[PDB]
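Below: one structure, written as structure tokens.
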Amino acid sequence: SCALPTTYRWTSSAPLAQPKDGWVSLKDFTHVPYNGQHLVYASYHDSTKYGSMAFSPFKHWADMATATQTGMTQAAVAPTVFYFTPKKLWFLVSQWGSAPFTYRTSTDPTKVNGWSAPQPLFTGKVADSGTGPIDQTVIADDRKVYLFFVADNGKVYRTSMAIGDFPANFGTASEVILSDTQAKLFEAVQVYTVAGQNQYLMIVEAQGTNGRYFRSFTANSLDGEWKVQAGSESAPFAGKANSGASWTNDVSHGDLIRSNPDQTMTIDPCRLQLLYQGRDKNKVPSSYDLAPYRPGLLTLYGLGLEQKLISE
Ligand SMILES: [Ca+2]
Numbered sequence: 009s010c011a012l013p014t015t016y017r018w019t020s021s022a023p024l025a026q027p028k029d030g031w032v033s034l035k036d037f038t039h040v041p042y043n044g045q046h047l048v049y050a051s052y053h054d055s056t057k058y059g060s061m062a063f064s065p066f067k068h069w070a071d072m073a074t075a076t077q078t079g080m081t082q083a084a085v086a087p088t089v090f091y092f093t094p095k096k097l098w099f100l101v102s103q104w105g106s107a108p109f110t111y112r113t114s115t116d117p118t119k120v121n122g123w124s125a126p127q128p129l130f131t132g133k134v135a136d137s138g139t140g141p142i143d144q145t146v147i148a149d150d151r152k153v154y155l156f157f158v159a160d161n162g163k164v165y166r167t168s169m170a171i172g173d174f175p176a177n178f179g180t181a182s183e184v185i186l187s188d189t190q191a192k193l194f195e196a197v198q199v200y201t202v203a204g205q206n207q208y209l210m211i212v213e214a215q216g217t218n219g220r221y222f223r224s225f226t227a228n229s230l231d232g233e234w235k236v237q238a239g240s241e242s243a244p245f246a247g248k249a250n251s252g253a254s255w256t257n258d259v260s261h262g263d264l265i266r267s268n269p270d271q272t273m274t275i276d277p278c279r280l281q282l283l284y285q286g287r288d289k290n291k292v293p294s295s296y297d298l299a300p301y302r303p304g305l306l307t308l309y310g311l312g313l314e315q316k317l318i319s320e
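Residues in the sequence shown are numbered consecutively from 9, following the authors' numbering.
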């Protein structure tokens with residue numbers, strides 16, 4: 009069985025790429041499989057600001073370090089990329105600029121600067137947050153499309169629309185679905201359909217005493233109740249305690265590897281992997297925004313498909 013484990017254990021790659029000259033970090037990854045290749049969009053930070061970028065499509069993770077890094081002329085910070093089958097169109101969702109969250113569309117998601125003009129996807133605000141809504145994800149079932157987000161404030165938020173309405177502005181409304189301390193429900197929410205397991209998986213980034221880490225929750229439906237799965241820093245979904253990463257304490261904002269680029273955000277638990285951001289634990293960053301984040305890949309320990317998966 010590929011059922012998600014009670015106790016997670018991973019092995020990690022080394023840093024998978026360095027930012028090209030003029031950039032300090034690569035962050036906040038979103039990945040889709042595309043024509044047999046890895047297609048990764050990301051935030052980046054330079055000396056003074058954030059932007060967004062993509063890597064040239066690459067077959068193997070070893071390839072990521074030399075893939076070409078192309079900046080987007082219109083920033084799409086903390087992006088989400090997927091294919092929306094009921095419109096036969098690719099979507100890139102992001103924060104800031106013309107609306108709290110925006111969407112843009114394309115027939116070919118590898119045209120880094122070929123996306124449509126952004127339109128509003130969400131125009132709400134939330135209470136008790138110094139950032140406002142950040143770090144969206146989007147995911148659908150057969151009935152509805154859902155937007156989940158966080159706010160640096162201990163809360164996870166949700167809104168939805170009918171499947172047949174998408175895309176449109178979700179609007180101004182949102183609901184708190186999880187609440188805890190600021191540290192416990194902080195950033196980088198992601199939600200997935202777990203293939204073959206008849207369930208949904210949520211991960212949320214938390215600030216731990218040893219580093220950033222992910223906490224997991226599961227639900228029976230996207231409009232259902234989320235209950236904690238692996239929520240402690242000592243036994244997290246993914247963190248210093250169980251990553252196998254020697255180079256980074258942080259296990260931070262990224263994307264599980266999706267089996268299917270579509271709007272269901274499906275993952276194959278038999279092939280469970282996390283594309284994350286980490287940073288050198290042996291240097292103290294100048295500032296958070298100058299932190300030297302880099303991509304890394306976790307692969308779950310003990311998979312039946314381990315060898316086939318690791319060797320690609
Ligand atoms: Ca994200």
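We put the beta carbon where it would ideally sit given N, CA and C, even for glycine.
- For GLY239, the secondary structure class from DSSP, reduced to helix, strand or coil, is strand.
- Within 7 Å of the C-beta of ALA246 there is not a single heavy atom belonging to ligand 1.
- Remark: the shortest separation between the CB of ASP276 and any heavy atom of ligand 1 does not fall under 7 Å.
- Inclusion of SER60 and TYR42 in the CB contact set at 8 Å is not warranted, their separation being larger than that value.
- Remark: C-beta atoms of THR145 and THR88 approach each other more closely than 8 Å.
- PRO303 places its beta carbon less than 8 Å from that of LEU34.
- With a threshold of 7 Å, the Cβ atom of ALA238 does not count as near ligand 1, since no heavy atom of the ligand is closer than that.
- In this structure, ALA196 has its beta carbon less than 7 Å from a heavy atom of ligand 1.
- Secondary structure of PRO117 (DSSP, three-state): coil.
- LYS152 sits in a strand when the DSSP states are folded into three classes.
- In chain order, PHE225 place their CB closer than 6 Å to the CB of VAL236, counting only its own chain and leaving out the 5 sequence neighbours on each side.
- A Cβ-Cβ separation of about 6 Å places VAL164 in contact with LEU193 under the 8 Å criterion.
- Shown here, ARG279 sits in a helix according to DSSP, grouped into three states.
- Taken from the Cβ of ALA86, at least one heavy atom of ligand 1 lies inside 7 Å.
- Residue side-chain check: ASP36 places its Cβ nearer than 7 Å to a non-hydrogen atom of ligand 1.
- By the C-beta density criterion, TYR16 is buried, having at least 16 other C-beta atoms within 10 angstroms.
- Of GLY105, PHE90 and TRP104, the smallest CA-CA separation from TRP98 is found for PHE90.
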